[PDB]
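**Q** First, the structure itself, so that you have it in front of you.
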Amino acid sequence: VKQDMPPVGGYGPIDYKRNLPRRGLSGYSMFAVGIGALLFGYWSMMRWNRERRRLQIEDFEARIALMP
Amino acid sequence: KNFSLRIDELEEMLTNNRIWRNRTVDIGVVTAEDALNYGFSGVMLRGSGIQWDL
């Protein structure tokens, strides 16, 4: 007989498309989430600085009463 | 099959990497007159201008 290696009835297709999905976002979405996180940080820090100045006024009362 | 996938993944990795692109943009410019008379061949002559293939 003859037992070389041919392909049996042809083989399949080999792909060559530049497969790129551009999985990302939109610039409006970026700007929205950035401004939202920024405003959240600014508000919470504003409330914390208010509380902190209250406590620093309490330290003022401490040194003012203690002085004589 | 696997190498078609792997070379798509190399194009995934590099190739619109900002740092590699803007690392190498405008270096090694070769005019076609010089590409002929300086005796370059193959990948250079494909890579600049003339439509030649052995």
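Sequence lines, in order, name chains A and B.
The opening residue of the first sequence carries number 50 in the numbering used here; numbering runs sequentially from there.
The opening residue of the second sequence carries number 17 in the numbering used here; numbering runs sequentially from there.
Cβ atoms here follow ideal geometry from the backbone N, Cα and C, with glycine treated the same way.
#1: What does residue 60 of chain A touch in chain B if you count any residue whose Cβ is under 7 Å from its own?
#2: Going by C-alpha distance, which of B:31, B:19, B:32 is nearest residue 64 of chain A?
#3: If I measure Cβ to Cβ from residue 73 of chain B and keep anything under 7 Å in the same chain, skipping five residues before and after, which residues do I get?
#4: Give me the Cβ distance between residue 48 of chain B and residue 66 of chain B, rounded to the nearest whole Å; I'm assuming they're in contact under 8 Å.
#5: So, with DSSP's three-state summary, where would you put residue 34 of chain A?
#6: Below 8 Å on the Cβ atoms is my contact criterion, and I expect residue 25 of chain B with residue 67 of chain A to pass it. Report the Cβ-Cβ distance as a whole number of Å.
#7: Which residue comes first and which comes last in the alpha helix (DSSP H) that contains residue 57 of chain B?
#8: What whole-angstrom Cβ distance do residue 64 of chain B and residue 46 of chain B have, given they're in contact under 8 Å?
#9: At least one CB of chain A closer than 9 Å to the CB of residue 49 of chain B: is that the case?
**A** From the atom records:
#1: Ordered by position in chain B, no residue passes the 7 Å Cβ test against residue 60 of chain A, which lies about 10 Å from the chain.
#2: Checked all of B:31, B:19, B:32; the closest Cα to residue 64 of chain A is B:19.
#3: In this structure chain B extends from 17 to 70, so residue 73 of chain B is not present and cannot be described.
#4: The beta-carbon separation of residue 48 of chain B and residue 66 of chain B, rounded to 6 Å, stays under the 8 Å limit for a contact.
#5: With chain A running from 50 to 117 in the structure shown, residue 34 of chain A is simply not present.
#6: Going by Cβ atoms, the distance from residue 25 of chain B to residue 67 of chain A rounds to 11 Å, so no, they are not a contact pair.
#7: In the DSSP assignment, residue 57 of chain B falls outside any alpha helix (DSSP H), carrying neither H nor E.
#8: Taking C-beta atoms under 8 Å as the contact rule, residue 64 of chain B and residue 46 of chain B qualify, at a distance of about 5 Å.
#9: Not flagged as an interface residue toward chain A: residue 49 of chain B, since no C-beta distance is shorter than 9 Å.
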